[PDB]
Amino acid sequence: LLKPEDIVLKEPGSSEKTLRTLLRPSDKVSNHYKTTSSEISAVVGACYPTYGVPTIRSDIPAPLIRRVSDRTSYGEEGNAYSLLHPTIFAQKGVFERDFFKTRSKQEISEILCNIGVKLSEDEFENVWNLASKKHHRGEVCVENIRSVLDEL
Amino acid sequence: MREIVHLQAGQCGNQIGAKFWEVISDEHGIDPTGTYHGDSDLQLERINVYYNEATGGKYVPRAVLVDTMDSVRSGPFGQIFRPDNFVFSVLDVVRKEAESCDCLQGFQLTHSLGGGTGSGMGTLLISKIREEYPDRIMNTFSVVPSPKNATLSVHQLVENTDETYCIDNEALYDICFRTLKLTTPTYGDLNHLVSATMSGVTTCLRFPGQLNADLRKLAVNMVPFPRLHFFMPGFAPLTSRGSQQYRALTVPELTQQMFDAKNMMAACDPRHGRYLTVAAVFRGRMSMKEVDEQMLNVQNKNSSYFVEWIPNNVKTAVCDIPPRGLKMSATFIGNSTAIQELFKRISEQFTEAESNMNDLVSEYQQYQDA
Amino acid sequence: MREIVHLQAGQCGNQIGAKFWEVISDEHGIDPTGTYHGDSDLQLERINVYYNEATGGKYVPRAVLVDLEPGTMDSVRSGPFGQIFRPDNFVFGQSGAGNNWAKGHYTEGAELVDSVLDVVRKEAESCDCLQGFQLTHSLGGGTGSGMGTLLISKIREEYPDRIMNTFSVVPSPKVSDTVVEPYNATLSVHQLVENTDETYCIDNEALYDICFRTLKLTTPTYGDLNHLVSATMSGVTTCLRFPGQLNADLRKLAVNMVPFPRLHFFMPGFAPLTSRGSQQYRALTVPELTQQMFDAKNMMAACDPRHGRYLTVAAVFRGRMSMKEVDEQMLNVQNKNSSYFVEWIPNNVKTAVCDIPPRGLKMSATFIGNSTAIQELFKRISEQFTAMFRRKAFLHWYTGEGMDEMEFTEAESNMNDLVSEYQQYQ
Amino acid sequence: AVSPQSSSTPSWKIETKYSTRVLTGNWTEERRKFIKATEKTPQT
Amino acid sequence: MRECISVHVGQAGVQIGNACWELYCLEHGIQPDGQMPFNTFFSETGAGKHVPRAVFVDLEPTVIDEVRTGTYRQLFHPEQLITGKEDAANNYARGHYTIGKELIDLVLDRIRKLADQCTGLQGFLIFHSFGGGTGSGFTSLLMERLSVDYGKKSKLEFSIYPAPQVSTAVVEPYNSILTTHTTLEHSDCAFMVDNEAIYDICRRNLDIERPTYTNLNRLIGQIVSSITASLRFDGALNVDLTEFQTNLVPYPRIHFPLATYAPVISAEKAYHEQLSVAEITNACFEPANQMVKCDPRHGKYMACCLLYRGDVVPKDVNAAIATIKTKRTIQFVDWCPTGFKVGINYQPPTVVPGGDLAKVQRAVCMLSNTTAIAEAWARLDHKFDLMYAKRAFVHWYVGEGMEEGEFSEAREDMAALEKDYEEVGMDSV
Ligand SMILES: Nc1nc2c(ncn2[C@@H]2O[C@H](COP(=O)(O)OP(=O)(O)OP(=O)(O)O)[C@@H](O)[C@H]2O)c(=O)[nH]1
Ligand SMILES: Nc1nc2c(ncn2[C@@H]2O[C@H](COP(=O)(O)OP(=O)(O)O)[C@@H](O)[C@H]2O)c(=O)[nH]1
Ligand SMILES: Nc1nc2c(ncn2[C@@H]2O[C@H](COP(=O)(O)OP(=O)(O)O)[C@@H](O)[C@H]2O)c(=O)[nH]1
Ligand SMILES: [Mg+2]
């Protein structure tokens, strides 16, 4: 015949029990008398897009033939260490966009038997599958094909 | 941590202090039999300022009724009181509560300055408390006779209390006829309005506001020289049954009606007045560029009429807890040159006391001058 | 193998010790209906130090619980642990003790040999080995300085070789209960010198003081006041009972701390004490326990240790601990505070280690201290004696039960001669 | 030499006493219930 | 481990301290209760908690009591939250002589207890103002008691400067001119803010009408987090805390510099237009964005300390610095041809959640020691002259111990401070 809830007697913990005090009608001031010092400040340590330009401008595509007036960065000029001790690709003029470009099945097939690697047809299909699985978007790239052939 | 001893002395003070205790009890959520209602946790945090409690949820005020008393206990909230201090001895009860208190700051005495009980016994008992606690503030709310007895009374009181509030029933009546369209002024309505004006300035003592200023700070801010201390109250967002839906509510709107001449508690003339110190105590959830911008904009509209040779002629205070019902409210209080007219009329109406009143009138004159 | 016999007597000793056989209960994991519940088998191999055996795995304590009233044995059985205590060793008295040390010591002097002596020799001989004898009497009452303190001269007459260890409750004037405390406590510290080598001193103002300054609880009962001593009494035998690094025992604590046969009145302490609100904000490590250890506010006998130089200072430790800094801050506090130690003795600090921390802690360090400012306890209780003796006011309760005036003068005539030794070697 | 104290540690002087909801002297340390937790006896 | 002690004293410094320890906690993984699922500001206890280094001392009961019941109650040591009995009533002889003298033995141990715990301590972060009996008088109690003990150490106080045209106090200039009487002796970097400019910064850039006080505690919160990023985050060009007493102050009583923070912007304007490195430092110098009420066009800059933050490149910085120093508008001083000072770090501008700011990649904090604040000292003793002539409002400061023998002694010392913008401003030959 009683309620299942009987409260503690104070803001001190583990007090002796007491009944729940009744708040009479038109005398509930909890919804109206909230505080304003720390109540507006609730930053819990337990989301939004980003505005401005990046300092590298990798989000915009790079132009093919540059104007003379272009001083906006694109990232293709690498570090000075990569200009003072270049890879042989950089030494004679093939670079990372030619690595990362989307080539063809016949282009990779012509690459295989002419770069000095003899590959089975099933091995080539598996290499293409592993390269497309390694690439997030999924295509054929020189870096992806060489990395999959080196790892597997 | 501020404390308060409340004494109802004389008849009019008795019936206004009764409404005082009713107003603070409804704002703090106590059933008149004494039980606490705890809808929000902010109600009981500083009940120590005006109360001491009893065993079993009962609470009882720090108030002494000395001079009617059967009528008060027969009234709405009589059952809260202590029946052992209904004195009609006063020294023993005032040291009893002030010795059970921890750290004292101020006293709320309700009296008048026009009769044989509120004036002489008021001055006697303020002497009898200032001889006992010389480091407190006596907020002694008072009623003076209309300019259309006090000279005997005031000339120890102006030495002692410095926190009296003296304009009266003619202004109360004209407020009721004009800005409220209130057809029948009952005595209880004026007791209600004075009591809410009491309770407006007692929220920096009881609640955590935003710009927290207690009574000693109010004394230091308002009173320039130790004999210019009679102040002017007023309560802003008052209107009728009709005009609510026609008016709006903002800080620029309540600024209008806290500096409205027809709203203030005065049968006086701000057009012949010059405010030395103003305090506008706000209650509610309000942005504060509105407060400070409207403060100095309404000071900007009147360069002559606020006092010259003072840069900041105003002061604002604000608390985070509004009144009951109203989303925000304001209470304006002033210290002007618009008050010596009452002194002139009450002096044109012993002899060294009359000379001291002429001294106070000349004090206003020589400080209003350049 | 080194079993410890505890003699609890009085209205005091059956409510002080009633908390003492509770921390022995959980640090060995003893249920309040006899049997052991637990998982770690470190603490039942040395269960026999405090707990004899029976059938069905049941462990009852080696306990003596005596009074001249029937009063307090209707309360120690009324606690949570009352079924644990042995049924026969509650030794009753149908009459009352009645505040006087005259009724218990000489009128009930012939009664205690049938009462306590015949239960002890029944018990203490029955153990496979023995270590010593540890009694807790109130100096200011009727049973503790009555039945109990005569027994301190009775078993010691039988076995002279063992070790007496009295956690003694000497009263204080500020918090007082009875007006004739120069007539029951002064008449027992003359007997303590000959017959009790390790003599602690517990007060009732310093114990409330610790639960005011430190634990910050505002209305302390006796039960909260009696765990600051019940942790101390269990925390001194932490090497006779558990493994560790550098074990000590109740001869190894007395060689270091008793240089002379009459300079043997110690005073206690207990290190890791912090409040009810700031539990996690304090880092309980070595240099903070030894900063709690040495100051005036922490020490349980109500005296200021700065007025009197420590002749000797002991300690003990528990918990998984690294030795280096433990031995290092007690190199500093002898060195920086050369003013508050005597000269002419090279070392003054003893340390001993265990392995297990207490229940719900990580470290602990019980404190035992021989200082020469215990004469502050024994000048105030003789300051009020002869300032009352000159009117002879409450003498007419003591010539009517069997002791003379002439033994009253000798109990203070040697009380100064105790203080005449602490003052000379200061 | 005396050592410093905060507000309302000893209570050897007699004070009036409130329920701890009202933010009074020595409120916080009695608001927080004393807490302890153990798992078992450690090893050596 | 270049730690600092962060007291929050008076009312006008503690709601910022609410917002100060929000911004440090959200920056890292620290929760409000201090459990991390930092070593400059935070002490860590091995249970799993972190404890900040901040003592919240004020005479006013409710503003500390709203924290112990607040949502950040499981953060601090609850013996650091120190309260006396009665407020100081904006009276210098109540916050420094009659009620403030009761609490100085306790707080001498509390700065000693924290500093014995710290290893590589580098100074203090007190947060006060210039009008309070317990905000401006009482911070000159917690200052002279430390230089007699700690002495040579780097003290950075963030003090709300009394505004030119607005205020709320009344008897303010009697002890503001007494605050400077000893903080000339013992303060080494006393940063200042007028709130009147931040009232109008919100009205122009931020699309804000009706701003509260909770918005200004966040923008003051960033400036403290801009200067303290070089302790908790390693950068390309670090600026440490002993270096601020050789960069900034040229003569030992000229140590009062300004502050601002350029790309204050909402979410609808920052989407429309970009933010390079060569324009957020152009937005520093424009007269519509300094956070203190002043017009810089009448003032010659002495020593800027541009604190950059986020994604910046150091050639983009020095490209921008030579565009600006060639400008014919903004003037400098001839005996400082060095002028500027940069700081570049790899940690971005943070954002509070539920705030009004936008996610900007770059944000700067220029901290300009300037000339123009001297004419704001023309008005702060002009205000003092008029009250003190007729002995107005003196009847209470004489109530609690102070006399007339110090009020004229302070005025000449604030008269002598106005002269020292003229021996150094009039150029040699
Ligand atoms: N930034 C900020 N400033 C505030 C806040 N509240 C008040 N102020 C400023 O404080 C000024 C007056 O306060 P102070 O002169 O510092 O006085 P105090 O230190 O609060 O001293 P007390 O009033 O006695 O507590 C006002 O002019 C406000 O500009 C706030 O919440 N945030
Ligand atoms: N609120 C209220 N005020 C009253 C009432 N009766 C009288 N007053 C006020 O009391 C004043 C006169 O009383 P007073 O001079 O103090 O006579 P005394 O009470 O005998 O000292 C009048 O100006 C009225 O304004 C009442 O019933 N209610
Ligand atoms: N602090 C404290 N004092 C005690 C306790 N038990 C007894 N006392 C003290 O012992 C004295 C009473 O002696 P009492 O026990 O009646 O003597 P008995 O009849 O011989 O046992 C009083 O001064 C009490 O203050 C206790 O648990 N805590
Ligand atoms: Mg304040």
# chains A, B, ... in the order shown; residues from 1 in each chain; ligands from 1
>>> residues_near_ligand(ligand="ligand 4", cutoff="9 Å", atoms="only C-alpha atoms and all ligand atoms", output="list in words")
residues 211, 212, 213 and 214 of chain B; 10, 11, 12, 58, 59, 60, 61, 62, 63, 87, 88, 89, 90, 132, 134 and 135 of chain E
>>> residues_around(residues="residue E:276", least_positions_apart="4", cutoff="10 Å", atoms="only C-alpha atoms", output="PyMOL selection string")
(chain A and resi 52-55) or (chain E and resi 280-281+311-312+316-317+320+361-363)
>>> closest_residue(among="E:70, E:164, E:339, E:17", to="chain A", atoms="only C-alpha atoms")
E:70
>>> residues_around(residues="stretch 71-77 of chain A", least_positions_apart="4", cutoff="8 Å", atoms="only C-alpha atoms", output="MDAnalysis selection string")
chainID A and resid 55:58 62
>>> write_last_selection(atoms="C-alpha atoms", output="PDB file, in the first residue's frame")
ATOM      1  CA  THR A  55      48.794  25.510 -46.410  1.00  0.00           C
ATOM      2  CA  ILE A  56      49.611  22.733 -48.911  1.00  0.00           C
ATOM      3  CA  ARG A  57      46.514  23.042 -51.212  1.00  0.00           C
ATOM      4  CA  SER A  58      46.260  19.287 -51.743  1.00  0.00           C
ATOM      5  CA  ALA A  62      46.969  20.183 -59.686  1.00  0.00           C
TER       6      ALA A  62
END
>>> closest_atom_pairs(of="chain B", to="ligand 1", cutoff="12 Å", atoms="only C-alpha atoms and all ligand atoms", output="tab-separated table")
residue	atom	partner	partner_atom_place_in_ligand_line	distance
B:204	CA	ligand 1	23 (O)	11.0
B:208	CA	ligand 1	25 (O)	11.7
B:209	CA	ligand 1	6 (N)	10.0
B:210	CA	ligand 1	6 (N)	6.4
B:211	CA	ligand 1	7 (C)	5.8
B:212	CA	ligand 1	23 (O)	6.0
B:213	CA	ligand 1	23 (O)	6.0
B:214	CA	ligand 1	24 (O)	8.3
B:215	CA	ligand 1	24 (O)	11.0
B:216	CA	ligand 1	24 (O)	10.0
B:217	CA	ligand 1	24 (O)	7.4
B:218	CA	ligand 1	23 (O)	10.5
B:220	CA	ligand 1	24 (O)	11.3
B:221	CA	ligand 1	23 (O)	11.2
B:287	CA	ligand 1	31 (O)	11.7
B:288	CA	ligand 1	6 (N)	9.9
B:289	CA	ligand 1	29 (O)	10.7
B:291	CA	ligand 1	29 (O)	11.9
B:292	CA	ligand 1	29 (O)	9.8
B:312	CA	ligand 1	27 (O)	11.7
B:315	CA	ligand 1	27 (O)	10.1
B:316	CA	ligand 1	27 (O)	10.0
B:317	CA	ligand 1	7 (C)	10.1
B:318	CA	ligand 1	6 (N)	10.3
B:319	CA	ligand 1	6 (N)	11.5
>>> write_last_selection(atoms="N, CA, C and O atoms", output="JSON list (two decimals), in the first residue's frame")
[["chain", "number", "residue", "atom", "x", "y", "z"],
["B", 204, "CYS", "N", 20.87, 39.25, -3.03],
["B", 204, "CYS", "CA", 22.32, 39.11, -2.97],
["B", 204, "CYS", "C", 22.79, 38.54, -1.64],
["B", 204, "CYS", "O", 23.95, 38.13, -1.53],
["B", 208, "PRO", "N", 23.00, 32.99, -5.08],
["B", 208, "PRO", "CA", 24.15, 33.36, -5.91],
["B", 208, "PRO", "C", 23.72, 34.06, -7.19],
["B", 208, "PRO", "O", 23.23, 33.42, -8.13],
["B", 209, "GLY", "N", 23.91, 35.37, -7.24],
["B", 209, "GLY", "CA", 23.55, 36.10, -8.44],
["B", 209, "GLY", "C", 24.70, 36.18, -9.42],
["B", 209, "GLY", "O", 25.44, 35.21, -9.60],
["B", 210, "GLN", "N", 24.85, 37.32, -10.08],
["B", 210, "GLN", "CA", 25.96, 37.55, -10.98],
["B", 210, "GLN", "C", 26.91, 38.62, -10.49],
["B", 210, "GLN", "O", 28.13, 38.42, -10.50],
["B", 211, "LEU", "N", 26.38, 39.76, -10.03],
["B", 211, "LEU", "CA", 27.18, 40.86, -9.49],
["B", 211, "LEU", "C", 26.82, 41.01, -8.02],
["B", 211, "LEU", "O", 25.95, 41.82, -7.66],
["B", 212, "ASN", "N", 27.49, 40.26, -7.16],
["B", 212, "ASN", "CA", 27.03, 40.00, -5.81],
["B", 212, "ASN", "C", 27.53, 41.10, -4.87],
["B", 212, "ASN", "O", 28.73, 41.22, -4.64],
["B", 213, "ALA", "N", 26.60, 41.87, -4.32],
["B", 213, "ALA", "CA", 26.90, 43.03, -3.48],
["B", 213, "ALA", "C", 26.08, 42.95, -2.20],
["B", 213, "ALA", "O", 24.85, 43.04, -2.25],
["B", 214, "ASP", "N", 26.74, 42.80, -1.06],
["B", 214, "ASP", "CA", 26.02, 42.67, 0.19],
["B", 214, "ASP", "C", 25.82, 44.05, 0.82],
["B", 214, "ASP", "O", 26.19, 45.07, 0.24],
["B", 215, "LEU", "N", 25.26, 44.08, 2.04],
["B", 215, "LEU", "CA", 24.72, 45.32, 2.60],
["B", 215, "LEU", "C", 25.81, 46.31, 2.99],
["B", 215, "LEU", "O", 25.61, 47.52, 2.86],
["B", 216, "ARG", "N", 26.96, 45.82, 3.46],
["B", 216, "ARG", "CA", 28.07, 46.71, 3.79],
["B", 216, "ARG", "C", 28.64, 47.37, 2.53],
["B", 216, "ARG", "O", 28.99, 48.56, 2.55],
["B", 217, "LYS", "N", 28.72, 46.60, 1.44],
["B", 217, "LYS", "CA", 29.12, 47.15, 0.16],
["B", 217, "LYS", "C", 28.12, 48.17, -0.34],
["B", 217, "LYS", "O", 28.51, 49.19, -0.92],
["B", 218, "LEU", "N", 26.83, 47.91, -0.13],
["B", 218, "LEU", "CA", 25.81, 48.89, -0.49],
["B", 218, "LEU", "C", 25.97, 50.16, 0.31],
["B", 218, "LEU", "O", 25.82, 51.26, -0.23],
["B", 220, "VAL", "N", 28.86, 51.40, 1.64],
["B", 220, "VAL", "CA", 30.06, 52.09, 1.15],
["B", 220, "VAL", "C", 29.80, 52.73, -0.21],
["B", 220, "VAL", "O", 30.22, 53.87, -0.46],
["B", 221, "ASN", "N", 29.09, 52.03, -1.10],
["B", 221, "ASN", "CA", 28.78, 52.59, -2.41],
["B", 221, "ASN", "C", 27.84, 53.79, -2.32],
["B", 221, "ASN", "O", 28.13, 54.85, -2.90],
["B", 287, "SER", "N", 20.82, 39.19, -20.39],
["B", 287, "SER", "CA", 22.12, 39.57, -20.94],
["B", 287, "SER", "C", 22.56, 40.91, -20.39],
["B", 287, "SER", "O", 21.74, 41.75, -20.02],
["B", 288, "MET", "N", 23.88, 41.14, -20.35],
["B", 288, "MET", "CA", 24.39, 42.25, -19.57],
["B", 288, "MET", "C", 24.98, 43.40, -20.36],
["B", 288, "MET", "O", 25.20, 44.47, -19.78],
["B", 289, "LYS", "N", 25.24, 43.24, -21.66],
["B", 289, "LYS", "CA", 25.44, 44.42, -22.49],
["B", 289, "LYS", "C", 24.18, 45.25, -22.56],
["B", 289, "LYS", "O", 24.26, 46.47, -22.61],
["B", 291, "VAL", "N", 22.14, 45.50, -20.06],
["B", 291, "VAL", "CA", 22.12, 46.16, -18.75],
["B", 291, "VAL", "C", 23.05, 47.36, -18.73],
["B", 291, "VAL", "O", 22.63, 48.48, -18.40],
["B", 292, "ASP", "N", 24.31, 47.17, -19.14],
["B", 292, "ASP", "CA", 25.29, 48.25, -19.00],
["B", 292, "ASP", "C", 25.09, 49.34, -20.05],
["B", 292, "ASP", "O", 25.23, 50.53, -19.75],
["B", 312, "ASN", "N", 30.55, 58.23, -12.70],
["B", 312, "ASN", "CA", 29.52, 57.19, -12.75],
["B", 312, "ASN", "C", 28.45, 57.53, -11.71],
["B", 312, "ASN", "O", 28.67, 57.37, -10.51],
["B", 315, "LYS", "N", 24.62, 52.68, -10.62],
["B", 315, "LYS", "CA", 25.16, 51.37, -10.30],
["B", 315, "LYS", "C", 24.08, 50.33, -10.57],
["B", 315, "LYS", "O", 22.91, 50.53, -10.24],
["B", 316, "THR", "N", 24.48, 49.21, -11.16],
["B", 316, "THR", "CA", 23.58, 48.10, -11.40],
["B", 316, "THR", "C", 23.99, 46.89, -10.57],
["B", 316, "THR", "O", 25.16, 46.71, -10.22],
["B", 317, "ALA", "N", 22.98, 46.09, -10.21],
["B", 317, "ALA", "CA", 23.17, 44.79, -9.61],
["B", 317, "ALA", "C", 22.20, 43.84, -10.28],
["B", 317, "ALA", "O", 21.16, 44.25, -10.78],
["B", 318, "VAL", "N", 22.55, 42.55, -10.30],
["B", 318, "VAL", "CA", 21.74, 41.58, -11.01],
["B", 318, "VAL", "C", 21.88, 40.23, -10.31],
["B", 318, "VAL", "O", 22.97, 39.85, -9.87],
["B", 319, "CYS", "N", 20.76, 39.54, -10.16],
["B", 319, "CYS", "CA", 20.74, 38.17, -9.66],
["B", 319, "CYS", "C", 20.08, 37.23, -10.65],
["B", 319, "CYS", "O", 19.27, 37.62, -11.49]]
>>> residues_near_ligand(ligand="ligand 2", cutoff="12 Å", atoms="only C-alpha atoms and all ligand atoms", output="ChimeraX atom specification")
/B:8-20,66-68,71-72,110-122,141-147,149-150,153,166-173,185-195
>>> select_by_dssp(residues="stretch 191-394 of chain C", states="alpha helix (DSSP H)", output="VMD selection string")
chain C and resid 191 to 195 205 to 213 222 to 225 227 to 234 252 to 257 286 to 293 323 to 336 377 to 383 386 to 389
>>> residues_around(residues="residue C:19", least_positions_apart="3", cutoff="8 Å", atoms="only C-alpha atoms", output="ChimeraX atom specification")
/C:15-16,22-23,223,226-227,230
>>> write_last_selection(atoms="N, CA, C and O atoms", output="compact mmCIF listing (two decimals), in the first residue's frame")
# COMPACT_ATOMS: atom_id res chain seq x y z
N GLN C 15 34.92 -2.90 25.99
CA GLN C 15 34.45 -2.10 24.86
C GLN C 15 35.58 -1.47 24.06
O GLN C 15 35.33 -0.99 22.96
N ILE C 16 36.80 -1.44 24.59
CA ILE C 16 37.96 -1.14 23.76
C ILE C 16 38.40 -2.38 23.00
O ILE C 16 38.60 -2.35 21.79
N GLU C 22 37.98 -7.19 16.25
CA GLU C 22 37.34 -7.03 14.94
C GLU C 22 38.34 -6.83 13.80
O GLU C 22 38.10 -7.32 12.69
N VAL C 23 39.42 -6.10 14.03
CA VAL C 23 40.43 -6.00 12.98
C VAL C 23 41.30 -7.24 12.92
O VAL C 23 41.90 -7.53 11.88
N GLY C 223 32.80 4.43 19.22
CA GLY C 223 33.18 3.41 18.26
C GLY C 223 34.15 3.91 17.20
O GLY C 223 35.04 3.18 16.78
N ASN C 226 37.46 4.28 19.06
CA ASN C 226 38.14 3.07 19.51
C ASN C 226 38.76 2.28 18.37
O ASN C 226 39.37 1.25 18.63
N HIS C 227 38.62 2.72 17.12
CA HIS C 227 39.38 2.11 16.04
C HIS C 227 40.72 2.78 15.79
O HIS C 227 41.58 2.18 15.14
N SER C 230 42.31 0.47 18.09
CA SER C 230 42.25 -0.92 17.67
C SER C 230 43.07 -1.19 16.42
O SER C 230 43.45 -2.34 16.18
>>> residues_around(residues="residue E:331", least_positions_apart="3", cutoff="9 Å", atoms="only C-alpha atoms", output="list in words")
residues 297, 298, 299, 300, 301, 325, 327 and 328 of chain E
>>> atom_distance(atom1="atom CA of residue C:270", atom2="atom CA of residue C:365")
6.2 Å
>>> residues_around(residues="residue D:28", least_positions_apart="4", cutoff="10 Å", atoms="only C-alpha atoms", output="list in words")
residues 11 and 12 of chain A; 216, 276 and 277 of chain C; 20, 21, 23, 24, 32 and 33 of chain D; 65, 68, 69 and 78 of chain E
>>> interface_residues(of="chain D", to="chain C", cutoff="7 Å", atoms="only C-alpha atoms", output="ChimeraX atom specification")
/D:9-10,29-30,32,34,36-38,41-42,44
>>> write_last_selection(atoms="C-alpha atoms", output="PDB file, in the first residue's frame")
ATOM      1  CA  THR D   9      38.150  22.062  12.472  1.00  0.00           C
ATOM      2  CA  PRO D  10      37.984  21.533  16.313  1.00  0.00           C
ATOM      3  CA  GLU D  29      33.408  16.543   4.813  1.00  0.00           C
ATOM      4  CA  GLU D  30      30.113  15.305   6.257  1.00  0.00           C
ATOM      5  CA  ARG D  32      30.798  13.034   1.431  1.00  0.00           C
ATOM      6  CA  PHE D  34      33.646   7.879   3.633  1.00  0.00           C
ATOM      7  CA  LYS D  36      36.748   2.223   0.895  1.00  0.00           C
ATOM      8  CA  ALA D  37      37.134  -0.732  -1.466  1.00  0.00           C
ATOM      9  CA  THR D  38      39.393  -3.798  -1.425  1.00  0.00           C
ATOM     10  CA  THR D  41      45.034  -9.934   0.431  1.00  0.00           C
ATOM     11  CA  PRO D  42      48.065  -9.336  -1.839  1.00  0.00           C
ATOM     12  CA  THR D  44      54.542 -11.085  -0.678  1.00  0.00           C
TER      13      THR D  44
END
>>> residues_around(residues="stretch 227-232 of chain B", least_positions_apart="4", cutoff="9 Å", atoms="only C-alpha atoms", output="number ranges by chain")
B: 158-159, 161-167, 219, 222-223, 264-266, 332-336, 339, 360, 363-364
>>> select_by_dssp(residues="stretch 71-243 of chain C", states="strand (DSSP E or B)", output="list in words")
residues 90, 91, 132, 133, 134, 135, 136, 138, 164, 165, 166, 169, 198, 199 and 202 of chain C
>>> write_last_selection(atoms="C-alpha atoms", output="PDB file, in the first residue's frame")
ATOM      1  CA  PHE C  90      33.203 -14.374  30.542  1.00  0.00           C
ATOM      2  CA  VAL C  91      33.877 -14.435  34.292  1.00  0.00           C
ATOM      3  CA  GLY C 132      53.682 -12.796  26.568  1.00  0.00           C
ATOM      4  CA  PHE C 133      50.909 -11.105  28.477  1.00  0.00           C
ATOM      5  CA  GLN C 134      48.982  -8.041  27.297  1.00  0.00           C
ATOM      6  CA  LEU C 135      46.298  -6.348  29.426  1.00  0.00           C
ATOM      7  CA  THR C 136      44.203  -3.193  28.889  1.00  0.00           C
ATOM      8  CA  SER C 138      41.316   1.860  32.689  1.00  0.00           C
ATOM      9  CA  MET C 164      54.005  -7.132  29.861  1.00  0.00           C
ATOM     10  CA  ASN C 165      52.430  -4.717  27.382  1.00  0.00           C
ATOM     11  CA  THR C 166      49.742  -2.479  28.882  1.00  0.00           C
ATOM     12  CA  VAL C 169      44.020   4.558  29.568  1.00  0.00           C
ATOM     13  CA  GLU C 198      56.208  -1.909  28.160  1.00  0.00           C
ATOM     14  CA  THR C 199      53.718   0.690  29.379  1.00  0.00           C
ATOM     15  CA  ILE C 202      46.160   6.419  25.966  1.00  0.00           C
TER      16      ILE C 202
END
>>> interface_residues(of="chain A", to="chain B", cutoff="8 Å", atoms="only C-alpha atoms", output="list in words")
residues 21, 22, 23, 24, 27, 28, 29, 30, 33, 34, 35, 36 and 37 of chain A
>>> decode(residues="stretch 5-12 of chain C", atoms="N, CA and C atoms", output="CSV table (one decimal), in the first residue's frame")
chain,number,residue,atom,x,y,z
C,5,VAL,N,48.5,-13.7,24.5
C,5,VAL,CA,47.4,-13.8,25.5
C,5,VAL,C,46.9,-12.4,25.8
C,6,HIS,N,45.7,-12.1,25.5
C,6,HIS,CA,45.1,-10.7,25.8
C,6,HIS,C,44.1,-10.7,26.9
C,7,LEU,N,44.3,-9.9,27.9
C,7,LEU,CA,43.5,-9.9,29.1
C,7,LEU,C,42.7,-8.6,29.1
C,8,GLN,N,41.4,-8.7,28.8
C,8,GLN,CA,40.5,-7.6,28.7
C,8,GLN,C,39.6,-7.6,29.9
C,9,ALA,N,39.7,-6.5,30.6
C,9,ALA,CA,39.0,-6.3,31.9
C,9,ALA,C,38.4,-4.9,32.0
C,10,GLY,N,37.3,-4.8,32.6
C,10,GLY,CA,36.6,-3.6,32.9
C,10,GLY,C,35.5,-3.2,32.0
C,11,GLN,N,34.8,-2.2,32.3
C,11,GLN,CA,33.8,-1.6,31.3
C,11,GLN,C,34.6,-1.0,30.1
C,12,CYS,N,35.8,-0.4,30.4
C,12,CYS,CA,36.7,-0.1,29.3
C,12,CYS,C,37.0,-1.3,28.4
